[PDB]
There are 2 protein chains.
Amino acid sequence: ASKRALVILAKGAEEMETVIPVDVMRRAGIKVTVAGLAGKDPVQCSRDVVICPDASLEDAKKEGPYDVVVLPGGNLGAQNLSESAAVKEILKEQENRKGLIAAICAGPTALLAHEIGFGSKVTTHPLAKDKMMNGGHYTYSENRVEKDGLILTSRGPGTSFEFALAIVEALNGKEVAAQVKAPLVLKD
Amino acid sequence: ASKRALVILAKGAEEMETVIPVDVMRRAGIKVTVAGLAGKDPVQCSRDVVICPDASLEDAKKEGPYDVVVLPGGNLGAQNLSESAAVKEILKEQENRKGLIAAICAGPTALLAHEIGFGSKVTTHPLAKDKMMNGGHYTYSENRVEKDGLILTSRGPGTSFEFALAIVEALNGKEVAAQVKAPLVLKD
C-alpha cells in the first residue's frame with residue numbers, strides 16, 4: 001500500500017532540485033529510489049555536491065512500476081536525461097500506464113526530447129522556455145507549479161518545495177501534504 | 001581575495017539544510033569545503049540521502065581560517081556536532097577571531113553545548129527552542145533569519161534559502177546576494 005517514486009540522477013543535475021523532493025517525499029512516507037543514470041557510482045551535481053545513488057537506473061528499472069517519475073533540473077543534467085534511451089523507455093512506459101511524471105526547471109526539456117505529453121500545459125525555468133517551446137508542442141505557463149493531466153512541472157530551485165509538496169498531494173492527498181509541510185517552516 | 005566557507009557534515013544532518021547553503025554559496029563564488037565530521041567517508045543524512053564530503057574535518061581544520069562556519073540542522077546531526085571536541089575547538093577559534101558562525105534549525109543547539117555566543121539573540125526550529133534556552137544564556141527570536149553580531153541563525157528547512165542568502169550578503173554584500181537570487185525563482 002506504499003507509493004513508490006523514482007528520481008533519475010545524472011551528472012550536472014541541480015542538487016537542490018534533487019534533494020528537496022527526495023527528502024520531502026520520504027517525509028510523506030513515499031518509498032523513493034534515487035537511481036543513477038550511469039550506474040551506482042557517485043554523481044557530481046551541478047554545484048559539485050556529490051551524491052551516492054540508491055541504485056543504478058538499470059536495476060531500478062526492473063523494480064517498477066513507480067507512481068511518479070521525477071526529473072530534476074540542471075542544464076547539463078537535463079541534457080544527459082534527454083540523450084538517454086533508457087530514460088525514453090521509462091517515460092514512454094510511464095505515460096502509457098498513466099502514471100505521474102514530474103520535472104522541474106530544465107528537466108521538462110527532457111519531455112520534449114522524448115516526445116512525452118505533447119499538448120500539455122507546462123512551465124520551465126524562464127531560461128529554458130525557448131527550448132521547451134521549439135515546435136509549439138506544448139502550451140507555456142508562468143505558474144510556479146503547473147499540473148496538466150499526468151504532467152507536473154515547476155520552474156526552478158526556489159520552487160522545489162512547492163514542486164515536492166504537489167507530488168505528495170497528488171500521491172497521498174491534501175491532508176498528508178499539509179502535515180508534512182508544517183514542520184518545514186515554509187513561508188506560504 | 002576569495003571568501004571561504006566550512007560546512008560541517010555529520011550523520012543525521014538535514015540534507016536540505018546542507019545542500020542549499022553549499023549550492024547557493026558556490027553560486028556566489030564562495031569556496032566551500034563540506035567537511036565530514038567522522039572522516040572522508042560518505043555521510044548518511046537524516047532522510048537517507050548520502051553525500052560524499054570534500055574532506056575530513058581533520059584535514060579541513062588545517063586549511064583555515066574560514067570566513068564562515070556553517071552548522072546544518074537535523075536533530076541527530078546536531079547532537080553529533082554538540083558532542084565533538086573538534087567542533088568545540090573550531091567554533092571557539094572562530095569566535096575569538098570574530099568570524100561568522102551560521103547554524104540553522106537544530107544546529108544552533110550546538111552553540112549552547114560549546115558555550116558559543118552567550119548573550120546573543122538567536123532563533124531555532126520551534127521544537128528546539130526549549131533545548132536552546134536551557135539556562136537562559138540566549139535571547140530567543142521568532143524571526144525566520146536572525147543575526148546578532150557574528151551569530152547568524154535560522155529556523156528550519158523552509159528557511160534554508162533565506163539563511164543561505166543572508167550568509168552571502170554578510171560575506172559578499174547585498175548586490176551579489178541579489179544577483180545570485182534572481183535565477184533561483186524564489187517567491188519573496
Side-chain angles (χ1 to χ4, degrees), chain A residues 2-9 13-34 66-73 99-108 120-125 141-188, chain B residues 14-20 23-24 45-49 73-74 104-105 125-127 144 154-164 184-188:
Chain A
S2 193
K3 307 277 183 174
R4 326 188 81 250
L6 174 68
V7 180
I8 304 180
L9 177 56
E14 226 299 330
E15 43 269 72
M16 297 190 284
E17 301 168 12
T18 299
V19 170
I20 291 172
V22 168
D23 188 323
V24 168
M25 281 192 293
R26 288 179 173 157
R27 287 174 175 256
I30 295 165
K31 194 183 306 185
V32 180
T33 300
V34 179
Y66 297 90
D67 301 287
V68 62
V69 176
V70 176
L71 302 177
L100 186 61
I101 296 174
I104 180 165
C105 200
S120 300
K121 186 175 292 182
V122 303
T123 196
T124 70
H125 194 276
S141 168
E142 296 181 14
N143 282 348
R144 298 174 57 81
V145 179
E146 193 60 69
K147 185 181 182 301
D148 190 8
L150 65 88
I151 300 296
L152 195 157
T153 49
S154 200
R155 304 210 79 188
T159 66
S160 286
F161 283 106
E162 301 148 84
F163 173 69
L165 289 174
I167 297 172
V168 172
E169 180 171 342
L171 265 42
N172 303 138
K174 179 256 202 70
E175 187 175 27
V176 168
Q179 297 166 354
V180 163
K181 176 183 181 180
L184 300 176
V185 194
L186 286 168
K187 189 152 94 153
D188 294 322
Chain B
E14 226 299 330
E15 43 269 72
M16 297 190 284
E17 301 168 12
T18 299
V19 170
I20 291 172
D23 188 323
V24 168
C45 294
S46 71
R47 273 68 191 177
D48 280 354
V49 175
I104 180 165
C105 200
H125 194 276
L127 295 174
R144 298 174 57 81
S154 200
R155 304 210 79 188
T159 66
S160 286
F161 283 106
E162 301 148 84
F163 173 69
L184 300 176
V185 194
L186 286 168
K187 189 152 94 153
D188 294 322

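Labels below follow one simple rule: chain letters A, B, ... track the order of the sequence lines, proteins then strands, and each chain is numbered from 1. Side chains included, hydrogens not; waters and symmetry mates left out as well; all remaining heavy atoms used.
- Among pairs with a residue in residues 160-178 of chain A, those fulfilling side-chain hydrogen bond (donor to acceptor under 3.5 Å, both in side chains) read A:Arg144-A:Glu162, at least two apart in sequence or across chains.
- One distance of note links CD1 of A:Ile30 with CG of A:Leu171; it measures 5.0 Å at 0.5 Å rounding.
- Checked against salt bridge (charged side-chain N to carboxylate O under 4.0 Å, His left out), B:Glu15 has no partners two or more places apart in sequence or in another chain.
- Atoms CZ and CG, on A:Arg4 and A:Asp67 in that order, are 8.5 Å from each other to the nearest 0.5 Å.
- Across all non-hydrogen atoms, the minimal contact from A:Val180 to A:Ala28 is CG2-CA, 3.6 Å.
- The NZ atom of A:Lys187 lies 10.0 Å from the CG atom of B:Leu186; values are rounded to the nearest 0.5 Å.
- Looking only at side-chain heavy atoms (C-beta outward), A:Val34 and B:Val49 stay at 4.5 Å or farther from each other.
- Atom NZ of A:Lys121 sits about 7.5 Å away from atom CG of A:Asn143, to the nearest 0.5 Å.
- A:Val176 is listed as a side-chain neighbour of A:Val168, based on a closest heavy-atom distance under 4.5 Å.
- Proximity of a side-chain donor or acceptor of A:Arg26 to a complementary backbone N or O of B:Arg47 within less than 3.5 Å is detected.
- Contact of the A:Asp148 side chain with the A:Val122 side chain is not registered, since no non-hydrogen atoms from C-beta on lie closer than 4.5 Å.
- Contact check for A:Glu14 versus A:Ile104: no side-chain heavy atoms found under the 4.5 Å cut-off.
- Here the closest non-hydrogen pair linking B:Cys105 and B:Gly73 is CB-CA, 4.2 Å.
- Between A:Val70 and A:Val32 the shortest side-chain heavy-atom distance does not fall below 4.5 Å.
- The closest side-chain heavy-atom distance from A:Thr124 to A:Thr153 is not below 4.5 Å.
- A:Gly29 and A:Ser2 get closest at one heavy-atom pair: O-OG, 3.7 Å.
- In this structure, the side chains of A:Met16 and B:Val19 come closer than 4.5 Å at one or more pairs of heavy atoms.
- Looking only at distances, a side-chain donor or acceptor of A:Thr123 sits under 3.5 Å from a matching main-chain atom of A:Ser141.
- Partners of B:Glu17 by salt bridge (charged side-chain N to carboxylate O under 4.0 Å, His left out), not counting sequence neighbours: none found.
- In this structure, A:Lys181 contributes its side chain and A:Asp188 its backbone to a donor-acceptor pair below 3.5 Å.
- One finds the CG atom of A:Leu71 at 8.5 Å from the CG atom of A:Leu6 (value rounded to the nearest 0.5 Å).
- Using modelled atom types, no side-chain atom of A:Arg155 and backbone atom of A:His125 make a donor-acceptor pair closer than 3.5 Å.
- One distance of note links OG1 of B:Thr159 with CD1 of B:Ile20; it measures 9.0 Å at 0.5 Å rounding.
- When all heavy atoms are compared, the tightest approach of B:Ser154 to B:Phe163 is CB-CD1, 3.5 Å.
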